[PDB]
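Student: Experimental coordinates for this protein are included below, preceded by the sequence.
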Amino acid sequence: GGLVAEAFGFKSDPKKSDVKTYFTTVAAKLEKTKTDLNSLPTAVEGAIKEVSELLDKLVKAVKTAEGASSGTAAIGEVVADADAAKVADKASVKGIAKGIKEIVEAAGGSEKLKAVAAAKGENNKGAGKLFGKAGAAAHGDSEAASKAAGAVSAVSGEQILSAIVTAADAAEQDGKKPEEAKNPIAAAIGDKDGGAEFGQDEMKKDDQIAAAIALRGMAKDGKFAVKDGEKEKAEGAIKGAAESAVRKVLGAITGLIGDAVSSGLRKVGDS
């Protein structure tokens with residue numbers, strides 16, 4: 001099912017509900033692998049217990065994410081009507097993040113290209129305008145949507161994953177306008193007063209912006225707002241970003257999990 005796996009994942013117009021499906025499907029594969037492992041029969045038995053516990057931690061971790069993936073709208077939902085705009089559901093945002101943190105820790109955490117590269121450059125801070133209100137006094141527009149896509153293009157999936165993991169550990173995880181948010185979780189949930197560019201130094205950076213974007217796109221009630229007469233002009237760009245942001249994060253989770261399991265199964269393979 002290599003082509004079926006690609007048809008899904010790179011599908012057109014992916015939904016926030018596809019995110020839930022992704023985790024459930026992952027849980028399923030993890031559960032089956034755990035059954036096949038515990039159905040083989042000293043040191044070997046010890047390697048089976050450890051790998052089994054690992055599998056358990058992952059399933060519980062993805063299920064936290066799964067239960068948090070309660071959205072139904074497009075991952076790249078774009079609103080131009082002042083009434084359509086909303087604050088992202090905080091329980092979905094924080095839960096998705098915590099699930100991701102649990103997944104990453106269960107398999108490790110600080111790993112791979114977790115950084116070791118210039119992460120500075122407030123070039124895309126303008127992506128914050130998409131996190132505010134819509135319609136009349138809205139700032140969201142064509143150029144800001146390009147900023148959001150640029151921020152996402154400038155970072156790998158691992159980096160966006162790491163930014164979410166760190167965010168989940170922050171203490172100020174409640175929604176805040178673009179000008180005040182200090183972590184991607186607070187930026188993704190958002191505030192009712194809306195706002196323009198990301199003003200804090202903690203944000204502004206590409207991996208943080210890309211994280212705010214991916215979390216918002218995956219969470220329930222998370223939508224992107226633009227000024228009227230801008231939807232058709234900026235829709236495509238923000239939609240592409242949210243979708244790429246999510247595809248990058250989930251693909252990295254897939255790679256991380258895939259390796260955690262392999263090295264575990266290889267471990268028992270030795271002894």
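Tutor: Sure, I can see it. Numbering: from 1, shown residues only.

Student: for the stretch 101-250 of the chain, what spans make up the strands?
Tutor: Here the stretch 101-250 of the chain has its strands, by DSSP state E, counting those that start in this stretch, at 224-225.

Student: Now do the buried residues in stretch 140-154.
Tutor: 140-142, 144-152, 154 (16 or more other C-beta atoms under 10 Å). The way it works is simple: take the backbone N, C-alpha and C, and place the C-beta from them, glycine included.

Student: And stretch 229-239, by the same measure?
Tutor: For stretch 229-239, by 16+ other C-beta under 10 Å, it's 230, 231, 234, 235, 237, 238, 239.

Student: Between those residues, which sits nearest residue 80?
Tutor: residue 231 (4.0 Å; C-beta to C-beta).

Student: My read is that that closest one contacts residue 77, right?
Tutor: No - look at residue 231 against residue 77 with C-beta atoms under 8 Å: they stay out of range, at 11.3 Å.

Student: before we move on, back to that, among the buried residues of stretch 229-239, give me the pair with the biggest separation.
Tutor: Comparing every pair within the buried residues of stretch 229-239 by C-beta to C-beta identifies 230 and 239 as the most remote, at 13.2 Å.

Student: got a list of what residue 164 touches?
Tutor: 97, 100, 101, 184, 185, 211, 214, 215, 249 (C-beta atoms under 8 Å, 6 or more residues apart in numbering).

Student: ignore the last one, residue 158
Tutor: Residue 158 sits next to 112, 113, 114, 252 when contact means C-beta under 8 Å, 6+ apart.

Student: Could you report the distance from it to residue 112?
Tutor: According to C-beta to C-beta, to the nearest Å, residue 158 and residue 112 sit 5 Å apart.

Student: OK, contacts around residue 109?
Tutor: Per C-beta under 8 Å, 6+ apart, neighbours of residue 109: residue 165.

Student: Quick check: it vs residue 132, distance?
Tutor: Per C-beta to C-beta, residue 109 is found 33 Å from residue 132.

Student: same check, this time on residue 69
Tutor: When distance is defined by C-beta to C-beta, residue 69 is 24 Å away from residue 132.

Student: what do you get for residue 247?
Tutor: For residue 247 relative to residue 132 (C-beta to C-beta), the value is 25 Å.

Student: between those two, which one's more packed in?
Tutor: Neighbour tally, residue 247 and residue 132, criterion other C-beta atoms under 10 Å: the higher count belongs to residue 132, 26 against 19.

Student: residues touching the more buried one, list them.
Tutor: 85, 138, 139, 140, 177, 178, 190, 193, 194, 195, 196, 225.

Student: if you set the cut-off to 7 Å instead, what comes out?
Tutor: 138, 139, 140, 177, 178, 194, 195, 196, 225 (C-beta atoms under 7 Å, 6 or more residues apart in numbering).

Student: Do I have it right that residue 120 meets residue 206?
Tutor: No - shown here, residue 120 and residue 206 do not form a contact pair, counting by C-beta atoms under 7 Å, at 8.6 Å.
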